[PDB]
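Undergrad: Just dropping this structure here.
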Amino acid sequence: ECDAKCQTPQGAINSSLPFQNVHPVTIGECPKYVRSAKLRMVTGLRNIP
Amino acid sequence: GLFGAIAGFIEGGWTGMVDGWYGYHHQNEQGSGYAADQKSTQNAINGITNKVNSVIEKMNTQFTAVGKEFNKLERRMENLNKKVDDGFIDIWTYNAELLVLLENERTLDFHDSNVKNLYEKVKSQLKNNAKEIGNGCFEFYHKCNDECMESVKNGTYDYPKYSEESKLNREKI
Amino acid sequence: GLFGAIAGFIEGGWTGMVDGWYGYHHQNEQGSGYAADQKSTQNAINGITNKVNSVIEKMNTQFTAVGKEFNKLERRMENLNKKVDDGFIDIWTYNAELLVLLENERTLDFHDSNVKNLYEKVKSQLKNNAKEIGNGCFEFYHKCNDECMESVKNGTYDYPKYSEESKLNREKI
Amino acid sequence: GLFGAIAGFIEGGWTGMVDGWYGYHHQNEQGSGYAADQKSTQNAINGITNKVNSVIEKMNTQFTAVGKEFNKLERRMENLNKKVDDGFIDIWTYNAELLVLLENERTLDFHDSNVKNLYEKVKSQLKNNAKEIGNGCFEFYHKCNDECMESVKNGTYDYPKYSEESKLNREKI
Amino acid sequence: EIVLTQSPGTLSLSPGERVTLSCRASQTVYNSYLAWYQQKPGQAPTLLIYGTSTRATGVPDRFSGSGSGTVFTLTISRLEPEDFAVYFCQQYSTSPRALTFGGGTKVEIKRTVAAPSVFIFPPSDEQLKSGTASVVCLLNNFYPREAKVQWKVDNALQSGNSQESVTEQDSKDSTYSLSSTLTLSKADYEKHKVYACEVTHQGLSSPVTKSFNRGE
Amino acid sequence: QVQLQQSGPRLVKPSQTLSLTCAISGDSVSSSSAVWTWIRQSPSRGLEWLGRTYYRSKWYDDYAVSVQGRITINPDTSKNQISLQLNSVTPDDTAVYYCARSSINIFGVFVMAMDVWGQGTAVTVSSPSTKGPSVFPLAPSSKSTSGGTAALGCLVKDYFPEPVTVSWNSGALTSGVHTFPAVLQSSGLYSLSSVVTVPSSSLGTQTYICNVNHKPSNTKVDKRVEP
Amino acid sequence: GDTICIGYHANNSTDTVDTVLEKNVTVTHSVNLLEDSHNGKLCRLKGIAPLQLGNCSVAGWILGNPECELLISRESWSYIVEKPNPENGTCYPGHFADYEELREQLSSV
Ligand SMILES: *[C@@H]1O[C@H](CO)[C@@H](O)[C@H](O)[C@H]1NC(C)=O
């Protein structure tokens with residue numbers, strides 16, 4: 001009885017992130033699927049102790 | 001290090017300053033201890049949070065679906081179906097991952113600015129009352145109590161008051 | 001304010017200078033009045049006009065059309081038809097609006113440069129004949145007529161001529 | 001010229017320096033000759049090679065094909081076929097050519113940095129032992145042999161040693 | 001130093017009513033270093049909001065922060081009975097190090113007006129052997145918190161020789177109780193016969209007075 | 001999860017040294033992802049920060065400008081605990097004392113909030129004049145109980161310093177109890193009363209005993225209210 | 001003499017991001033744009049429930065197979081689910097006209 005805005009053949013997708021890599025087969029308002037395995041972007045500084 | 005401060009003449013990020021992203025460490029008679037700067041920090045958190053919120057919240061996703069089954073005799077269209085998905089999974093993947101690096105190096109050549117931005121305010125506030133050590137610090141040519149230190153960080157540092165004492169010690173050196 | 005001039009130590013855009021985007025206001029015996037700088041301005045108008053012309057004129061649009069009607073029994077293809085339109089209206093919308101902000105902040109961290117670019121020419125032209133006021137101005141240590149002022153703006157300012165008079169007033173201060 | 005060095009106060013690229021992208025030309029008693037800088041150069045070649053490698057190697061191309069033949073009675077789909085190709089040839093062309101200019105001007109406002117980055121190390125190493133000529137050079141106020149020159153380029157230039165001789169010639173001027 | 005000030009001090013809202021708590025700062029607190037807390041009477045506070053409008057883990061969605069600069073605002077969309085509590089905003093500066101609070105805002109749950117039951121007690125004979133005589137009047141289970149008591153020694157209105165205090169909003173019936181003491185000397189107690197304790201309250205149709213007589 | 005257990009209700013003579021210990025469970029004390037901050041709370045002066053400690057490859061100590069020079073917050077890597085020192089305690093320092101944690105990550109920036117709290121410590125600093133209370137019985141008049149409710153009570157007069165713990169029937173009696181906040185009489189000695197609503201059909205078939213205790217002056221009185 | 005300094009952040013992080021020039025650039029904190037996980041269970045897409053077929057497929061569901069008397073139930077749905085290998089379909093062989101063209105029709109009701 002969960003509610004989601006997206007649905008894939010493996011399970012839902014909850015967050016409002018603009019990309020997914022769970023499954024290309026989506027339905028509903030979904031983060032457009034991308035081939036990426038990692039999409040981390042910097043929000044801080046370079047770790048230089 | 002575009003601006004030349006981050007990993008530049010300031011070779012070390014301070015593990016002890018956890019109030020913010022930019023700050024000062026003072027060393028005088030009354031003691032020492034780090035202190036972070038909010039004017040510089042908060043302008044950066046707010047702008048970056050928004051820069052993150054920017055790319056997140058401009059992908060407008062309509063309520064649609066992908067899974068289509070074709071009869072074995074529409075294979076050309078069944079092949080056409082995949083081409084329409086792969087082409088997007090081509091584009092939305094390329095454009096995204098190139099945008100990440102960009103607004104990564106664009107995010108690293110922003111913090112380097114503000115560190116450099118901060119330096120040329122403190123350096124343009126004393127202007128000869130301290131000789132620059134080069135590693136990202138200053139050596140005051142005069143006794144500076146915590147009430148004098150706190151003016152350097154705020155932005156209301158008094159040049160005329162501590163100027164007469166500066167020339168007598170700068171003459172010593 | 002990346003470079004730190006626009007909304008930096010120059011806290012105010014001059015409503016009175018309408019000849020250009022960058023300029024100087026002088027105050028001497030003979031009077032005062034704004035004056036805009038063409039070397040800096042024109043290099044910016046021309047580059048930005050082209051930067052605008054850049055994104056405009058690289059969208060090559062072929063003579064085609066979109067409106068397709070499908071029979072009620074090709075709905076899977078009628079659904080496929082929309083997916084091919086929405087996917088573009090997905091992409092060309094996302095990529096555009098992210099490009100706007102980019103070449104917005106890229107256009108704001110260009111004018112900040114040239115203002116800062118201008119400062120470190122006038123500051124590196126007098127070098128001790130004036131003490132920097134910090135709000136984006138200079139106080140000449142010597143009488144400077146409009147013929148002396150006009151050399152500071154052009155780029156042929158005379159350091160040796162007004163140097164002997166500088167040390168006698170800088171000694172006063 | 002964002003940072004203001006490339007085509008700025010350094011108006012000329014040295015045709016004689018072919019060891020690297022950045023360097024120095026010294027002129028003293030023992031002779032003259034160019035010399036390129038590896039710390040600055042190599043950090044740039046490696047980063048740019050990777051920046052090139054970046055856009056190259058993020059276009060993931062699946063083993064697929066385009067050429068589809070349709071019967072004369074599926075023209076609506078034959079028209080649909082082209083729309084799926086043109087839309088990509090619309091996008092992948094626009095996005096690419098806009099990315100080129102970007103990481104062109106982003107590559108020109110990187111070399112301008114490092115030239116400017118280099119200047120404010122050599123200038124912040126002597127600090128009064130030489131008067132800046134403005135065209136991108138220095139005039140040492142003291143005799144500086146090739147062993148003194150080589151320290152300016154390395155980064156271990158001795159300020160206290162050649163400081164006593166500096167004030168006696170700076171007093172002359 | 002940054003000392004906060006919240007308005008109102010004490011508020012009485014019915015459950016479900018939209019509760020708005022302003023947080024005025026003596027100078028600008030930056031969007032990152034504002035934290036809120038909800039303290040129940042006796043219990044230590046807990047995190048409600050940090051940053052400026054960032055919901056703490058396990059905090060429902062009725063709470064929601066807002067503001068910037070020197071004006072911050074706490075907001076409960078639907079007031080709940082378990083929101084009978086005092087709310088503090090909290091700032092933190094970094095140069096110089098400062099982490100202060102405000103005056104706090106008690107969120108009283110508004111109930112109906114209740115008529116107070118009055119009780120009275122003469123000074124005990126144990127205390128009369130100590131020189132003092134303390135007549136003690138009392139109210140119980142009334143609302144709102146405001147009430148007026150006037151001691152009358154021999155139909156003479158007293159002033160300056162009586163003190164009072166009221167309990168917090170009870171945890172079951174949401175009522176207050178009031179106690180008034182009449183501390184006299186042994187000489188001034190035996191000098192008079194009748195002692196009247198007059199009470200005027202919103203739920204009292206007329207001022208109800210209970211009295212006794214010394215030595216009777 | 002993360003729980004903070006603190007010391008019990010303490011009592012310090014004037015000008016002596018306060019020593020409270022906070023125990024952390026579930027979080028390494030030397031976690032580079034957590035901050036340890038002490039905050040005290042009086043009914044008058046409200047909440048006030050005292051000091052903060054943390055470990056980033058080394059330990060640091062920052063204390064609010066109100067207590068600079070007589071406060072220290074020492075950790076203990078073995079017992080997984082921290083402490084607090086407050087030397088030369090005045091009547092100003094009689095209040096509660098908490099300890100904090102902070103997993104309030106803002107890209108590495110800390111809001112300086114409290115995501116983990118501790119129940120609190122009753123810290124009463126006694127003073128020069130330590131006087132015990134005289135607990136008088138508030139017996140009800142023979143006519144104020146003819147209604148549905150008998151009103152019993154106990155006056156707690158002439159004690160210092162505050163506070164005093166009041167308990168009826170050693171604790172079992174809890175319905176209808178009311179203990180008013182103490183009022184500062186003109187003698188500098190706090191005065192307090194505590195009453196209880198009980199049915200009038202039990203003043204002869206139920207004993208009533210209010211148990212009063214003033215911890216700074218060892219006083220513990222057991223007076224029995226007989227109507 | 002007294003010394004004041006200018007300096008920036010550092011922490012215990014081991015995250016590394018990749019930039020236009022250098023890769024594995026260790027950063028103090030980062031954020032991820034990519035969603036990599038699901039929950040393994042279907043949900044109410046659009047707010048209203050989907051139609052769960054189970055052992056039967058779309059064919060026998062609309063054909064009302066005698067072994068699908070358990071799912072002639074639902075009067076509103078946002079999407080249809082079915083097993084990858086449906087077991088109970090058109091018990092009698094034959095050609096279902098415009099079958100694929102109807103799974104998009106009854107797709108949502
Ligand atoms: C349903 O499928 C099972 C095996 O999957 C089979 O044994 C049974 O006969 C089928 N029923 C019908 C009505 O087709």
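Labeling convention for the structure tokens: chains A, B, ... as they appear, residues from 1 per chain, ligands from 1 in order of appearance.
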For ligand 1, collect every residue having any atom at a distance of at most 12 Å from a ligand atom (counting only C-alpha atoms and all ligand atoms); output as JSON, numbers by chain.
TA: {"G": [54, 55, 56, 57, 59, 60, 61, 63, 64, 65, 66, 67, 68, 69, 83, 85, 86, 87, 88, 89, 90, 91, 92, 93]}
Undergrad: Hey, what's within 9 Å of residue G:47 if we count only C-alpha atoms and toss same-chain stuff fewer than 3 positions away? As a PyMOL selection string, please?
TA: (chain A and resi 3-5) or (chain G and resi 43-44+78)
Undergrad: Write out, as an mmCIF file, in the first residue's frame, the residues just selected, with C-alpha atoms.
TA:
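Result written to again_13.cif:
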```cif
data_model
loop_
_atom_site.group_PDB
_atom_site.id
_atom_site.type_symbol
_atom_site.label_atom_id
_atom_site.label_comp_id
_atom_site.auth_asym_id
_atom_site.auth_seq_id
_atom_site.Cartn_x
_atom_site.Cartn_y
_atom_site.Cartn_z
ATOM 1 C CA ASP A 3 2.144 5.431 -3.016
ATOM 2 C CA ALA A 4 4.647 6.638 -5.597
ATOM 3 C CA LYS A 5 4.954 8.852 -8.645
ATOM 4 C CA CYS G 43 2.601 1.047 -5.264
ATOM 5 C CA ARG G 44 -0.403 3.238 -6.098
ATOM 6 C CA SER G 78 -4.098 3.152 -13.293
#
```
Undergrad: At a cut-off of 10 Å, which residues of chain F touch chain G? Count only C-alpha atoms and give the answer as a ChimeraX atom specification.
TA: /F:31-33,56-57,105-109
Undergrad: Take the residues from that selection and put them in a file with N, CA and C atoms, as a compact mmCIF listing (two decimals), in the first residue's frame.
TA:
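Result written to part_13.txt:
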```txt
# COMPACT_ATOMS: atom_id res chain seq x y z
N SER F 31 33.86 10.24 17.46
CA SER F 31 33.28 10.27 16.12
C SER F 31 33.52 11.64 15.51
N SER F 32 34.15 11.67 14.33
CA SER F 32 34.32 12.89 13.57
C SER F 32 33.01 13.39 12.96
N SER F 33 31.90 12.70 13.22
CA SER F 33 30.59 13.08 12.71
C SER F 33 29.66 13.59 13.81
N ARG F 56 38.48 16.24 15.78
CA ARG F 56 38.88 16.11 14.39
C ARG F 56 40.39 15.87 14.43
N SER F 57 40.78 14.60 14.64
CA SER F 57 42.18 14.18 14.73
C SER F 57 42.86 14.78 15.94
N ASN F 105 24.24 17.61 9.58
CA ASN F 105 25.13 17.79 8.44
C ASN F 105 24.51 18.76 7.44
N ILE F 106 25.19 19.86 7.18
CA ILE F 106 24.85 20.74 6.06
C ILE F 106 26.09 20.77 5.18
N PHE F 107 26.18 19.82 4.24
CA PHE F 107 27.33 19.67 3.34
C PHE F 107 28.66 19.64 4.09
N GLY F 108 28.63 19.30 5.38
CA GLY F 108 29.77 19.43 6.27
C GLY F 108 29.64 20.57 7.26
N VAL F 109 28.88 21.60 6.90
CA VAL F 109 28.58 22.68 7.83
C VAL F 109 27.62 22.18 8.90
```
Undergrad: Select from stretch 23-152 of chain B everything DSSP, run on the backbone, classes as strand (DSSP E or B), then give the selection as a VMD selection string.
TA: chain B and resid 23 to 28 31 to 36 64 to 65 130 to 132 137 to 140
Undergrad: Using only C-alpha atoms, what table do you get, as a Markdown table, when you list each residue of chain A with an atom no more than 8 Å from chain G, its nearest pair of atoms, and their distance in Å rounded to one decimal, rows by chain then rising number?
TA:
```
| residue | atom | partner | partner_atom | distance |
| --- | --- | --- | --- | --- |
| A:1 | CA | G:43 | CA | 6.0 |
| A:2 | CA | G:43 | CA | 4.7 |
| A:3 | CA | G:44 | CA | 4.6 |
| A:4 | CA | G:45 | CA | 5.5 |
| A:5 | CA | G:45 | CA | 5.6 |
| A:6 | CA | G:45 | CA | 6.4 |
| A:7 | CA | G:45 | CA | 6.8 |
| A:10 | CA | G:40 | CA | 5.5 |
| A:11 | CA | G:40 | CA | 4.2 |
| A:12 | CA | G:38 | CA | 5.2 |
| A:13 | CA | G:38 | CA | 5.5 |
| A:14 | CA | G:38 | CA | 7.9 |
| A:15 | CA | G:35 | CA | 7.4 |
| A:17 | CA | G:33 | CA | 5.7 |
| A:18 | CA | G:33 | CA | 6.5 |
| A:19 | CA | G:34 | CA | 5.0 |
| A:20 | CA | G:35 | CA | 4.3 |
| A:21 | CA | G:36 | CA | 5.3 |
| A:22 | CA | G:36 | CA | 5.4 |
| A:28 | CA | G:45 | CA | 6.9 |
| A:36 | CA | G:34 | CA | 7.9 |
| A:38 | CA | G:34 | CA | 6.8 |
| A:39 | CA | G:34 | CA | 5.5 |
| A:40 | CA | G:32 | CA | 4.1 |
| A:41 | CA | G:31 | CA | 5.6 |
| A:42 | CA | G:30 | CA | 4.4 |
| A:43 | CA | G:30 | CA | 4.8 |
| A:44 | CA | G:29 | CA | 4.9 |
| A:45 | CA | G:27 | CA | 5.3 |
| A:46 | CA | G:27 | CA | 4.4 |
| A:47 | CA | G:27 | CA | 5.0 |
| A:48 | CA | G:10 | CA | 6.0 |
| A:49 | CA | G:10 | CA | 5.8 |
```
Undergrad: Include C-alpha atoms and write out the residues we just selected as a short mmCIF file (atom, residue, chain, number, x, y, z; two decimals), in the first residue's frame.
TA:
```
data_model
loop_
_atom_site.label_atom_id
_atom_site.label_comp_id
_atom_site.auth_asym_id
_atom_site.auth_seq_id
_atom_site.Cartn_x
_atom_site.Cartn_y
_atom_site.Cartn_z
CA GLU A 1 0.00 0.00 0.00
CA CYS A 2 2.80 2.45 -0.76
CA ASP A 3 2.14 5.43 -3.02
CA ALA A 4 4.65 6.64 -5.60
CA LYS A 5 4.95 8.85 -8.65
CA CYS A 6 6.98 6.24 -10.54
CA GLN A 7 6.83 2.48 -11.08
CA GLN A 10 11.59 -4.03 -9.96
CA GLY A 11 9.95 -1.50 -7.64
CA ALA A 12 8.97 2.11 -7.15
CA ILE A 13 11.13 5.25 -7.08
CA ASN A 14 10.43 7.79 -4.35
CA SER A 15 12.85 10.72 -4.51
CA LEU A 17 15.91 13.26 -8.19
CA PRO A 18 16.00 14.07 -11.93
CA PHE A 19 17.66 10.80 -13.03
CA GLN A 20 17.34 7.08 -12.25
CA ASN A 21 19.19 3.90 -13.13
CA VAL A 22 16.88 1.24 -11.67
CA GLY A 28 4.14 7.88 -14.46
CA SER A 36 25.04 6.16 -15.48
CA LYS A 38 27.25 7.02 -10.52
CA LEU A 39 26.23 10.69 -10.76
CA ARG A 40 27.80 12.28 -7.70
CA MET A 41 28.46 16.04 -7.89
CA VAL A 42 30.43 18.24 -5.53
CA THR A 43 28.72 20.48 -3.00
CA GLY A 44 31.66 21.17 -0.69
CA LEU A 45 35.42 21.70 -1.05
CA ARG A 46 38.49 19.60 -1.80
CA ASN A 47 39.40 17.52 1.26
CA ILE A 48 42.87 18.93 2.01
CA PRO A 49 43.91 18.55 5.69
#
```
Undergrad: Distance limit 12 Å, atoms considered: only C-alpha atoms. Which chain D residues sit that close to chain A? Return them as number ranges by chain.
TA: D: 58-62
Undergrad: As a VMD selection string, which residues of chain D does DSSP assign to alpha helix (DSSP H)?
TA: chain D and resid 38 to 56 75 to 126 146 to 154 164 to 172
Undergrad: With only C-alpha atoms considered, list every residue of chain E at most 8 Å from chain B, as number ranges by chain.
TA: E: 30-32, 93-97
Undergrad: For chain C, report every residue with an atom at most 12 Å from chain G (counting only C-alpha atoms), formatted as a list in words.
TA: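 In the required form, that comes to residues 71, 72, 73, 74, 75, 76, 77, 78, 79 and 80 of chain C.
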Undergrad: Quick one: pull the distance between atom CA of residue E:76 and atom CA of residue E:62, Å, one decimal.
TA: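 If I compute the distance from atom CA of residue E:76 to atom CA of residue E:62, I get 5.4 Å.
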Undergrad: Residues near residue E:48, anyone? I mean within 10 Å using only C-alpha atoms, not counting same-chain ones fewer than 4 positions away, as number ranges by chain.
TA: E: 35-39, 53-60, 63-65, 74, 87-89; F: 113-115
Undergrad: So that I can see what lies close to stretch 112-128 of chain C, please list as a PyMOL selection string the residues with an atom at most 6 Å from it, counting only C-alpha atoms and leaving out residues fewer than 3 positions away in the same chain.
TA: chain C and resi 3+5-6+109
Undergrad: Could you give me, as JSON lines, a per-residue list for chain F showing, wherever an atom lies at most 6 Å from an atom of chain E, the closest pair of atoms and their distance in Å to one decimal, using only C-alpha atoms and sorting by chain then residue number from low to high?
TA:
```
{"residue": "F:48", "atom": "CA", "partner": "E:100", "partner_atom": "CA", "distance": 5.9}
{"residue": "F:49", "atom": "CA", "partner": "E:99", "partner_atom": "CA", "distance": 5.9}
{"residue": "F:111", "atom": "CA", "partner": "E:33", "partner_atom": "CA", "distance": 4.5}
{"residue": "F:113", "atom": "CA", "partner": "E:35", "partner_atom": "CA", "distance": 5.9}
{"residue": "F:115", "atom": "CA", "partner": "E:47", "partner_atom": "CA", "distance": 5.8}
{"residue": "F:119", "atom": "CA", "partner": "E:44", "partner_atom": "CA", "distance": 5.9}
{"residue": "F:140", "atom": "CA", "partner": "E:121", "partner_atom": "CA", "distance": 5.8}
{"residue": "F:180", "atom": "CA", "partner": "E:167", "partner_atom": "CA", "distance": 5.4}
```
Undergrad: Please produce an output containing N, CA, C and O atoms for each residue in the selection, written as a PDB file, in the first residue's frame.
TA:
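Result file is out_33.pdb:
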```pdb
ATOM      1  N   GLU F  48      20.937  28.617  27.975  1.00  0.00           N
ATOM      2  CA  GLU F  48      22.217  29.272  27.733  1.00  0.00           C
ATOM      3  C   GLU F  48      23.262  28.229  27.375  1.00  0.00           C
ATOM      4  O   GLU F  48      23.465  27.267  28.121  1.00  0.00           O
ATOM      5  N   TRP F  49      23.929  28.433  26.248  1.00  0.00           N
ATOM      6  CA  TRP F  49      25.044  27.576  25.879  1.00  0.00           C
ATOM      7  C   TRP F  49      26.216  27.789  26.828  1.00  0.00           C
ATOM      8  O   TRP F  49      26.475  28.907  27.283  1.00  0.00           O
ATOM      9  N   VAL F 111      24.787  23.138  11.764  1.00  0.00           N
ATOM     10  CA  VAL F 111      23.844  24.154  12.227  1.00  0.00           C
ATOM     11  C   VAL F 111      24.084  24.507  13.686  1.00  0.00           C
ATOM     12  O   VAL F 111      23.722  25.608  14.121  1.00  0.00           O
ATOM     13  N   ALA F 113      22.868  22.421  16.361  1.00  0.00           N
ATOM     14  CA  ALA F 113      21.582  22.052  16.921  1.00  0.00           C
ATOM     15  C   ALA F 113      21.770  20.845  17.843  1.00  0.00           C
ATOM     16  O   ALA F 113      22.896  20.408  18.109  1.00  0.00           O
ATOM     17  N   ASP F 115      20.307  17.054  18.005  1.00  0.00           N
ATOM     18  CA  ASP F 115      19.528  15.907  17.562  1.00  0.00           C
ATOM     19  C   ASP F 115      19.442  14.805  18.609  1.00  0.00           C
ATOM     20  O   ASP F 115      18.640  13.879  18.447  1.00  0.00           O
ATOM     21  N   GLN F 119      18.444  13.814  29.712  1.00  0.00           N
ATOM     22  CA  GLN F 119      17.254  14.061  30.529  1.00  0.00           C
ATOM     23  C   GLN F 119      17.427  15.255  31.462  1.00  0.00           C
ATOM     24  O   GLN F 119      16.446  15.939  31.770  1.00  0.00           O
ATOM     25  N   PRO F 140      -8.379  21.689  57.238  1.00  0.00           N
ATOM     26  CA  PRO F 140      -9.562  22.381  56.723  1.00  0.00           C
ATOM     27  C   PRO F 140     -10.529  22.753  57.834  1.00  0.00           C
ATOM     28  O   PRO F 140     -10.640  22.070  58.854  1.00  0.00           O
ATOM     29  N   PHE F 180       2.095  24.800  44.407  1.00  0.00           N
ATOM     30  CA  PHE F 180       2.309  26.097  43.788  1.00  0.00           C
ATOM     31  C   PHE F 180       3.794  26.452  43.779  1.00  0.00           C
ATOM     32  O   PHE F 180       4.551  26.006  44.644  1.00  0.00           O
TER      33      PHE F 180
END
```
Undergrad: What residues in chain D have any atom no more than 12 Å from chain C when counting only C-alpha atoms, and can you write them as a PyMOL selection string?
TA: chain D and resi 1-5+8-9+74-102+105-106+109+113+116+131-135+173
Undergrad: With a distance cut-off of 9 Å and only C-alpha atoms, select the neighbouring residues of residue E:185, excluding the residue or stretch itself and same-chain residues fewer than 5 positions from it, and output the selection as a PyMOL selection string.
TA: chain E and resi 128+131-134+190
Undergrad: Could you pull the residues within 12 Å of residue E:144, counting only C-alpha atoms, minus those fewer than 3 positions along the same chain, as a compact mmCIF listing (two decimals) with N, CA, C and O atoms, in the first residue's frame?
TA:
```
# COMPACT_ATOMS: atom_id res chain seq x y z
N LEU E 11 0.33 32.22 24.76
CA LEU E 11 -0.80 32.23 23.85
C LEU E 11 -1.74 31.09 24.19
O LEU E 11 -1.31 30.01 24.60
N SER E 12 -3.03 31.33 24.01
CA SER E 12 -4.06 30.34 24.30
C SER E 12 -4.89 30.12 23.04
O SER E 12 -5.75 30.93 22.70
N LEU E 13 -4.61 29.03 22.33
CA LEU E 13 -5.33 28.69 21.10
C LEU E 13 -6.02 27.34 21.26
O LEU E 13 -5.47 26.42 21.87
N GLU E 108 -0.75 27.40 25.15
CA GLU E 108 -1.83 26.90 25.99
C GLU E 108 -3.02 26.49 25.13
O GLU E 108 -3.38 27.19 24.18
N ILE E 109 -3.62 25.35 25.46
CA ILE E 109 -4.80 24.88 24.76
C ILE E 109 -6.03 25.56 25.36
O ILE E 109 -6.33 25.37 26.55
N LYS E 110 -6.72 26.35 24.55
CA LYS E 110 -7.86 27.13 25.04
C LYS E 110 -9.04 26.21 25.34
O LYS E 110 -9.50 25.46 24.47
N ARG E 111 -9.52 26.26 26.58
CA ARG E 111 -10.71 25.53 26.99
C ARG E 111 -11.78 26.51 27.46
O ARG E 111 -11.64 27.73 27.30
N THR E 112 -12.85 25.97 28.03
CA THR E 112 -13.97 26.78 28.47
C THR E 112 -13.68 27.44 29.82
O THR E 112 -12.78 27.04 30.56
N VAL E 113 -14.48 28.46 30.13
CA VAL E 113 -14.37 29.17 31.40
C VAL E 113 -14.94 28.31 32.51
O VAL E 113 -16.07 27.80 32.40
N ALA E 114 -14.17 28.13 33.58
CA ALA E 114 -14.57 27.28 34.70
C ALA E 114 -14.68 28.11 35.97
O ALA E 114 -13.84 28.97 36.24
N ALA E 115 -15.72 27.84 36.76
CA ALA E 115 -15.93 28.56 38.01
C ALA E 115 -15.05 27.97 39.10
O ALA E 115 -15.05 26.75 39.30
N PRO E 116 -14.29 28.79 39.82
CA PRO E 116 -13.35 28.24 40.81
C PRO E 116 -14.02 27.92 42.14
O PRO E 116 -14.83 28.69 42.65
N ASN E 140 -9.48 26.62 42.83
CA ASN E 140 -9.14 25.38 42.14
C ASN E 140 -9.97 25.23 40.87
O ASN E 140 -11.12 25.66 40.81
N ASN E 141 -9.35 24.60 39.87
CA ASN E 141 -9.97 24.15 38.62
C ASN E 141 -10.83 25.25 37.99
O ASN E 141 -12.05 25.14 37.86
N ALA E 147 -7.53 36.11 37.58
CA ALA E 147 -8.46 36.17 38.71
C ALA E 147 -7.98 37.24 39.68
O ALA E 147 -6.82 37.66 39.64
N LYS E 148 -8.88 37.68 40.55
CA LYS E 148 -8.59 38.72 41.53
C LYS E 148 -9.04 38.30 42.92
O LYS E 148 -10.20 37.90 43.10
N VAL E 166 0.26 30.93 40.92
CA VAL E 166 -0.67 30.08 40.18
C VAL E 166 0.09 28.92 39.56
O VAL E 166 1.25 29.08 39.14
N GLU E 168 0.81 25.75 36.79
CA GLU E 168 0.77 25.62 35.35
C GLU E 168 -0.55 25.00 34.91
O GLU E 168 -1.32 24.45 35.72
N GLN E 169 -0.83 25.10 33.62
CA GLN E 169 -2.02 24.48 33.06
C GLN E 169 -1.98 22.98 33.33
O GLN E 169 -1.05 22.29 32.90
N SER E 174 -6.82 20.88 32.14
CA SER E 174 -6.40 22.14 31.51
C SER E 174 -6.86 23.35 32.31
O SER E 174 -7.21 24.39 31.75
N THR E 175 -6.87 23.23 33.63
CA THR E 175 -7.28 24.30 34.52
C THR E 175 -6.11 24.75 35.39
O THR E 175 -5.11 24.04 35.53
N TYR E 176 -6.26 25.93 35.97
CA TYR E 176 -5.30 26.49 36.90
C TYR E 176 -5.90 26.50 38.31
O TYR E 176 -7.10 26.31 38.50
N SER E 177 -5.03 26.72 39.29
CA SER E 177 -5.43 26.90 40.68
C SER E 177 -4.60 28.03 41.28
O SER E 177 -3.44 28.22 40.92
N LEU E 178 -5.22 28.77 42.19
CA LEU E 178 -4.60 29.96 42.77
C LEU E 178 -4.62 29.86 44.29
O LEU E 178 -5.62 29.45 44.88
N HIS E 201 -13.94 36.17 39.55
CA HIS E 201 -13.45 35.43 38.40
C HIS E 201 -14.46 35.52 37.27
O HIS E 201 -15.64 35.84 37.48
N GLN E 202 -13.99 35.23 36.05
CA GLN E 202 -14.84 35.31 34.87
C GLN E 202 -16.04 34.37 34.97
O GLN E 202 -17.15 34.72 34.57
N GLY E 203 -15.82 33.16 35.50
CA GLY E 203 -16.89 32.21 35.66
C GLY E 203 -17.75 32.41 36.89
O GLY E 203 -18.76 31.71 37.04
N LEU E 204 -17.38 33.34 37.77
CA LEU E 204 -18.17 33.64 38.96
C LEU E 204 -19.20 34.69 38.60
O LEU E 204 -18.85 35.83 38.27
```
